[PDB]
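Quick notes on the structure that follows.
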Amino acid sequence: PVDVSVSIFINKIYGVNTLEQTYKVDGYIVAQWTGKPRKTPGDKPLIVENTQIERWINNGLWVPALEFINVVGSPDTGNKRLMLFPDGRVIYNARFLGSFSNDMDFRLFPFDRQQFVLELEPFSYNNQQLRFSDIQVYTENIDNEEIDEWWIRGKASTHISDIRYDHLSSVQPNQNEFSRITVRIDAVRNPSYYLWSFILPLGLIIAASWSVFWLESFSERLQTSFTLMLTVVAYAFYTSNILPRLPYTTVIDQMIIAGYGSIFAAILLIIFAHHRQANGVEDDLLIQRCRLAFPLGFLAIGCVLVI
Amino acid sequence: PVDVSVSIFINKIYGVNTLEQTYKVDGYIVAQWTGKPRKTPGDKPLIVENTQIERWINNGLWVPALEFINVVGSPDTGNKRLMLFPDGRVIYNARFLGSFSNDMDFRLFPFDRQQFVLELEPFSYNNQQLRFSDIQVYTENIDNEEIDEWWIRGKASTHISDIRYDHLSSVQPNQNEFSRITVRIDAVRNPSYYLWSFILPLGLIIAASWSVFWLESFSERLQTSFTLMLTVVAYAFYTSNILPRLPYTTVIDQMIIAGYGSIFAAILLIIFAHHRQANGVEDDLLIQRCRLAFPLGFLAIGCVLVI
Amino acid sequence: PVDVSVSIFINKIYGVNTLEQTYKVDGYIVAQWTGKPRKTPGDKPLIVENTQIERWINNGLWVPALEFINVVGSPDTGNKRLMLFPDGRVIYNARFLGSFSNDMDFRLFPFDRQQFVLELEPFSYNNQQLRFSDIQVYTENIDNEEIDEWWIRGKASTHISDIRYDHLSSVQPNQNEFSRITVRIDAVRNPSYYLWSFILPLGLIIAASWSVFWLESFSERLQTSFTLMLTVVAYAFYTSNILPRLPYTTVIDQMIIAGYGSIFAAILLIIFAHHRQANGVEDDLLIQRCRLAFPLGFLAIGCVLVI
Amino acid sequence: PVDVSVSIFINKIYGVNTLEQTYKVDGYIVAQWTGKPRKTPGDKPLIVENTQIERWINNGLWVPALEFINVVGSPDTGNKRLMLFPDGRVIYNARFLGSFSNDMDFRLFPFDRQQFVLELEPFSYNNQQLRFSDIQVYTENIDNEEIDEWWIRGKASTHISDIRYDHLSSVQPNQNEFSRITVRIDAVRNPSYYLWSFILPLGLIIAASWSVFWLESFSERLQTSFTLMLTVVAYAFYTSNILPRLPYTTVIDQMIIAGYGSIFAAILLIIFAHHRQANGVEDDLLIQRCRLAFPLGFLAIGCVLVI
Amino acid sequence: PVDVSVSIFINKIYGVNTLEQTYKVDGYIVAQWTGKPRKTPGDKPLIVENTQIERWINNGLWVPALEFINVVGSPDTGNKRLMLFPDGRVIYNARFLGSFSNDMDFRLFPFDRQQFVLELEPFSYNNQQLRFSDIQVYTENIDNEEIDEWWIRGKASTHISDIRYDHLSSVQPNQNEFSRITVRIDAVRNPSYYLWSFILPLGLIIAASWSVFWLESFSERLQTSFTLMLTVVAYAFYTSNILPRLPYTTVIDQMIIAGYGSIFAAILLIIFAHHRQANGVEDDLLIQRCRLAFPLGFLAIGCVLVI
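Laid out in structure tokens, this is it:
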């Protein structure tokens with residue numbers, strides 16, 4: 032089991048496709064291992080660049096293919112470097128961009144807190160043939176300055192795990208198990224755009240839904256309420272292209288459903304108020320005085336639907 | 032006919048393009064076959080990695096090209112591995128991403144139940160030259176946890192079929208027939224997003240279409256009904272970008288057509304009620320009392336259009 | 032002139048980009064020719080797979096490059112096969128996906144009838160050096176089952192034509208002429224989605240445009256008509272993203288222009304009716320009784336604009 | 032200075048990205064030059080196809096790389112052909128698709144007249160090492176038949192120019208200058224779609240803006256005018272996705288700004304008419320009679336904003 | 032430390048993805064260095080073109096890989112040239128397109144002033160093995176002519192810096208430090224499109240929000256205000272697809288929030304005016320006379336929200 036030391040320098044994280052739960056990570060990967068000693072020209076290390084490492088591999092030099100488990104497709108790799116040292120150690124540096132996938136949990140879409148996971152593993156060599164000793168992830172080029180769409184909180188957690196595989200049991204009897212590296216970078220979404228553009232107008236429209244009751248006759252109350260639905264429909268088609276589709280309901284969508292329930296509540300109370308006239312002569316006072324009780328009640332409802 | 036054992040490990044299924052009936056499958060494919068025995072360095076199996084299997088193929092090593100029948104383009108393959116054993120068996124492991132196509136049937140778009148089909152077949156070698164013995168599909172990394180947009184129900188069904196070809200009859204007289212593997216993974220769509228965002232507002236708008244009749248004069252009934260159409264038009268341009276185009280009509284679209292038929296029904300009954308005045312003096316009572324019969328009738332109509 | 036027999040197996044046709052008049056065709060192409068006889072190992076034909084035909088080509092084996100004339104870019108080819116027979120014939124099988132272009136005529140966009148054209152031609156070898164003998168196109172995997180967005184009507188017509196070129200006259204004096212194969216697959220669009228979602232609401236909105244006249248006073252007639260425009264504007268921004276842009280006007284767009292002309296017609300008749308008051312006292316009866324003549328007249332107009 | 036004869040056969044021009052000022056050109060390029068005479072097998076010219084010219088180039092055959100100056104990225108080249116003649120001349124044929132860029136001037140977006148520019152130049156060889164003798168551009172497969180989105184007017188103008196470079200002065204003292212070919216194909220946009228879908232409804236809405244004044248009281252005039260803005264806003268979000276963004280204002284956008292200025296003009300005249308009541312008793316006649324002077328005045332304004 | 036002279040000719044800058052803070056730069060890069068003298072055929076410099084430099088690199092010729100630090104993926108390189116001189120100097124010319132990233136600061140989105148940064152650095156050779164002497168950036172093909180979406184102000188600033196790396200300390204003890212080149216091209220956005228299409232209608236709608244108060248009764252004031260919200264909602268879904276998402280609020284979005292605050296302000300003053308009736312008989316004069324004080328106050332507010 033040859034010892035391999037991995038260093039992952041995360042250049043930048045961007046392109047968080049919330050639709051597909053993918054995110055593009057750019058960076059560098061550096062693998063250090065020690066093999067047989069060899070003769071180099073001088074004591075200078077021998078640097079082999081891209082479109083030239085492949086000739087050394089065809090010659091018989093051992094370069095492992097450290098794949099990414101959670102990647103989409105194949106990483107659009109850039110330059111690659113191979114330093115052969117006269118001491119006997121080999122350093123493989125590479126630049127990678129990749130669309131990585133993760134099980135993002137969108138419980139609170141404005142206020143989300145996920146982790147970007149890079150999962151690195153040897154493709155063919157098991158634990159008895161290649162073992163990852165340690166990884167230090169240099170998340171240093173990543174920095175939040177309150178303009179970034181994701182605040183990257185803290186450092187990056189590194190984990191060296193050992194993973195067995197069911198599908199390699201048929202081809203390998205007892206050694207079908209691979210070493211693996213998990214790099215988790217905890218990030219929180221910047222909620223200020225959604226707070227200042229997609230939530231405050233819901234508050235204004237729901238306040239308007241409270242203020243619709245101030246009219247003293249029923250027909251233009253109905254016309255006002257149908258104008259409102261339209262308004263709520265227009266702003267519901269607004270914010271229909273920013274967020275993914277999940278079984279449970281994200282915060283913007285409870286606000287939209289709360290707006291729908293409000294406008295309808297207005298419908299049912301004005302129809303009931305029109306039908307409180309038992310003989311067509313009794314006025315509407317106790318149910319028409321909901322201009323201060325219904326607003327506070329739906330403030331409580333909205334406080335529930337935010338918490 | 033050399034026996035080939037195939038193991039397909041489905042890593043993840045995503046990107047279901049309902050527009051094009053394509054879906055991206057990531058995974059690994061492992062082909063086991065047995066050829067002539069050979070001399071390897073030691074009893075250790077010889078592992079040949081990517082950009083190095085091609086040299087062995089050019090040397091004269093037999094590696095079949097197991098194509099995907101239902102794939103879009105060519106699969107964006109990643110790392111590939113070839114283990115040559117001193118016993119005499121060869122194991123070809125490969126990582127594939129592919130846009131696969133299937134005849135998806137969108138009878139009930141919120142409540143759909145399809146199957147993702149991976150169709151694997153040798154490209155050039157017929158049944159007399161290469162026969163698939165067995166396939167076990169390790170659908171294990173796939174798991175539903177009620178956040179996924181598709182619930183993957185049960186295991187994956189495997190089928191080894193034998194398929195003849197008409198276009199290879201002109202070039203091969205009697206042996207133009209190929210072995211084939213069909214892997215079907217039954218999946219059901221998560222309907223909760225469509226139920227809680229795209230169907231309940233139809234219920235509210237159609238209930239509003241029922242409540243439009245409570246006004247006691249005809250002109251602002253017409254103005255209210257024209258406001259409503261607009262509302263139904265706005266929400267009909269909503270949900271115009273989520274679903275494909277088919278000959279028959281999916282559940283959201285019967286709800287939209289039902290809304291159109293409702294609003295118009297409101298138009299025709301209020302024009303008829305205005306024209307029930309035979310001499311301009313007869314009032315409208317029996318046709319204006321549809322605030323409790325028309326709603327239940329269209330509840331029955333909606334129950335038909337959901338079932 | 033070596034005789035080449037071509038067999039094109041159309042796997043599936045999809046992705047009809049009406050914007051760009053391109054469509055993606057997946058399939059296989061099989062070229063049969065006869066050259067010098069050669070010695071093969073045994074009487075078994077020699078099969079040469081992908082990333083190995085190129086070595087035979089570099090050795091000196093003659094493989095023509097049968098290009099597609101009407102393709103966009105280069106076809107994303109998959110696996111390729113070359114059978115060399117001891118008899119003396121060579122069979123080149125290949126799997127191709129291509130974005131093909133054609134002069135689509137969108138006279139009736141819901142009810143369109145076009146033909147998908149695959150135009151195949153040798154890239155460098157003229158008629159005196161390579162002649163296409165016959166083509167049989169196996170359009171068999173293509174089948175309509177009334178869910179497909181295009182019904183493929185009948186078989187595929189094959190045509191072997193002879194095409195001269197002006198730009199190759201300067202480099203080739205008398206033989207600048209190439210053989211060519213045209214494969215035309217006649218298809219008709221499935222109109223049921225457009226009939227049941229994009230035409231019937233025009234009928235409802237135009238019927239509403241007829242029913243706008245039932246109001247007995249002029250000001251709220253104007254307000255209703257301005258609400259209607261908005262409605263027609265909203266549904267005109269609907270269906271603005273499904274169809275291409277042409278000089279002449281497709282069926283949906285005559286319906287939209289007919290709706291605009293209707294609503295305006297309503298404007299001009301109500302302004303004229305308000306101005307039929309010569310001294311401000313004469314009522315409006317003969318021009319206000321267009322609730323049964325204007326609807327039938329625009330039924331005739333719509334029958335013209337559909338036929 | 033070796034003489035190179037270029038023939039560019041433009042197959043088709045499409046994909047005019049007005050957003051990015053790029054357009055995709057498909058076609059063929061044929062370079063004729065004369066070098067040292069050579070021995071070929073027979074008097075038949077020797078044809079070298081794609082993935083085989085590179086071996087001749089590595090052998091020592093001189094093939095220049097005729098780059099495109101105004102291309103986006105690298106051209107997605109297809110098949111390439113190299114005819115070596117026993118006489119001594121070499122013909123390099125190639126099929127190219129490219130995203131080409133040009134300084135498109137969108138002064139009149141419905142009625143635009145631009146030119147598609149293909150700029151071809153040797154990458155490394157200056158004028159003293161490679162000189163373009165003549166170019167004839169065979170724009171023949173391009174034809175307008177009044178369905179195309181661009182009418183291609185006339186032939187293609189060819190220009191052989193000589194261009195110096197500042198950045199190659201530091202590496203080449205006196206010969207840093209390259210020959211160049213400019214091919215300009217003048218095209219005019221098909222305006223009929225914009226005339227019949229994006230300009231006539233502006234005329235109808237502005238005519239409605241003229242007809243808003245016919246109401247005899249002020250409050251519902253204001254409500255009608257606020258309905259109108261909404262209408263103008265809805266149709267202003269319509270046609271927000273077809274055209275690029277420029278400093279000056281294209282014809283659709285002067286029509287939208289003219290509509291905004293109209294509706295507001297209606298606002299200011301009805302507020303002024305309500306404020307012409309000096310003591311609340313004086314009626315509004317001279318400023319309310321703008322139902323025939325304001326429409327003709329804004330006909331003149333629109334005639335200015337079209338010309 | 033071999034001296035390398037770099038010349039970067041920026042052909043064109045376009046495709047500024049404000050969503051991803053990426054921009055596509057096309058251009059040429061020319062590296063001059065001096066190595067061992069060599070024998071060339073004649074005194075003519077030896078030019079080695081693309082798909083032929085790699086053979087010289089495999090032979091043993093030293094060509095450094097000058098990577099881009101801030102690039103997305105790998106640059107879609109085009110033609111490459113290598114001039115070997117008999118004097119002893121080597122010139123490597125290359126054509127590159129790249130998606131480059133930068134920390135764009137969107138404080139004033141119509142009136143933005145950023146800088147496009149190209150960051151060039153040797154991939155493997157440190158300062159002791161390769162040192163950049165000087166760079167002159169020939170920003171000459173870039174020119175503004177008041178049609179471009181970005182005005183490129185002034186020349187391009189060049190900077191030769193020295194950058195240490197933490198992740199290369201584990202593999203290189205004392206020399207882990209690389210020379211680097213930063214090219215900054217200051218650009219300002221063309222604001223005229225946003226001024227003439229996305230800001231002036233906000234002024235008109237807010238002026239309408241001021242003029243809503245002229246009605247003399249409360250119910251249709253409320254209906255007018257609900258029509259207005261809808262208007263503000265429709266134009267708020269307008270301009271929802273042009274700009275990125277940031278923590279702080281860009282100029283269009285303060286205008287949208289200012290419009291929301293206006294319409295609501297109208298709501299609260301008309302509810303308060305209706306509630307200033309202490310016994311239902313006191314009229315509303317002092318709070319209804321805000322048709323000239325509220326407009327100027329919100330002119331001051333808008334002057335704050337623009338400055």
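Protein chains in written order, with full-length UniProt numbering: chain A, 32 to 338; chain B, 32 to 338; chain C, 32 to 338; chain D, 32 to 338; chain E, 32 to 338. The beta-carbon is built from N, C-alpha and C at its ideal position, and this holds for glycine as well.
* To do: Could you tell me how far apart the beta carbons of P278/A and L226/A are, in whole angstroms, since I believe they sit closer than 8 Å?
  => Contact flag wrong, Cβ pair sits at about 25 Å.
- Message: Using the Cβ count rule (16 or more neighbours within 10 Å means buried), how would you classify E150/B?
- Response: buried
Self-check item: Cut-off 6 Å between Cβ atoms - residues of its own chain near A187/A, not counting five sequence neighbours on either side
Solution: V168, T170, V214 and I216
- [ ] Would you mind listing the beta strand (DSSP E) stretches within the region 90-137 of chain B that are 3+ residues and don't spill past its ends, in chain order?
- [x] 97-99, 111-115 and 120-132
Q: Determine the burial state of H306/A: buried for a count of at least 16 other Cβ atoms within 10 Å of its Cβ, exposed for fewer.
A: exposed
#### Entry: Beta carbon of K111/A nearer than 7 Å to that of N89/A
no
Expressed to the nearest angstrom, what Euclidean distance is found between the alpha-carbon atoms of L233/B and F127/A? Each residue's alpha carbon lies about 48 Å from the other.
Test item: CB-CB of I237/B and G290/B under 7 Å: yes
query: Would DSSP call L274/C helix, strand or coil?
result: In the structure shown, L274/C sits in coil (DSSP, three-state: anything other than H, G, I, E or B).
Given that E98/E touches chain A, what residues does it touch there, using C-beta distances under 9 Å? What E98/E touches in chain A: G109, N110 and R126.
Quick check: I318/A and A331/A, are their CB atoms within less than 7 Å of each other? no
Identity of the residues DSSP links to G58/D by a beta bridge: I41/D and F127/D
*Excluding the 5 residues preceding and the 5 following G46/C in the sequence, name in chain order all residues of the same chain whose CB lies nearer than 7 Å to its CB.*
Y54 and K55, listed in sequence order.
What does the alpha-carbon distance come out to for the pair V264/C and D315/C? 30 Å
So what does DSSP say about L151/E, is it helix, strand or coil?
strand
Going by DSSP, what residues sit across from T53/D in a beta bridge? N48/D and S132/D
Indicate whether at least one CB of chain A lies closer than 7 Å to the CB of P204/E. Output row for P204/E: interface = no.
Checklist line | Reference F325/E; option with closest CA among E313/E, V312/E, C334/E and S293/E | finding: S293/E
How should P32/A be labelled, buried or exposed, when 16 other C-beta atoms within 10 angstroms of its C-beta is the threshold for buried?
exposed
_Does the structure place the region 257-274 of chain C close enough to the region 256-275 of chain D that three or more beta carbon pairs sit under 8 Å?_
yes
Assuming contact is defined by CB atoms lying nearer than 7 Å, are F244/B and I283/B in contact in what I supplied? no
Worksheet entry | Partner residues on chain E for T258/D, Cβ-Cβ distance less than 7 Å | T258
Interface flag, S130/E vs chain D, CB-CB below 7 Å:
no
Exposure label - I194/E; buried when at least 16 CB within 10 Å:
exposed
Hey, quick one: how far does the beta strand (DSSP E) through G234/E stretch, first residue to last? It is not in any beta strand (DSSP E) - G234/E instead sits in the alpha helix (DSSP H) that spans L231 to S242.
- Message: Checking the sheet assignment: what are the DSSP bridge partners for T213/C?
- Response: The partner list for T213/C (beta bridge, DSSP) reads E150/C and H190/C.
| query | Does the beta carbon of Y156/B come closer than 7 Å to any beta carbon on chain A? | reply | no
Report task. Give a yes or no on whether 7 Å exceeds the smallest Cβ distance from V337/D to chain E. Result -> no
Practice item. Since I believe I78/B is in contact with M114/B (beta carbons under 8 Å), could you give me their beta-carbon distance rounded to a whole number of angstroms? Key: 6 Å
**Asked** Buried or exposed: which applies to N272/D, given that a residue is buried once 16 or more other Cβ atoms fall within 10 Å of its Cβ?
**Response** exposed
For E152/C, count neighbouring Cβ atoms within 10 angstroms of its own Cβ and tell me buried if that reaches 16, exposed if not. buried
* DSSP three-state call for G290/B: helix, strand or coil? -> helix
Output the boundary residues of the beta strand (DSSP E) element that contains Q160/E.
-> Run containing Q160/E: none; DSSP gives neither H nor E here.
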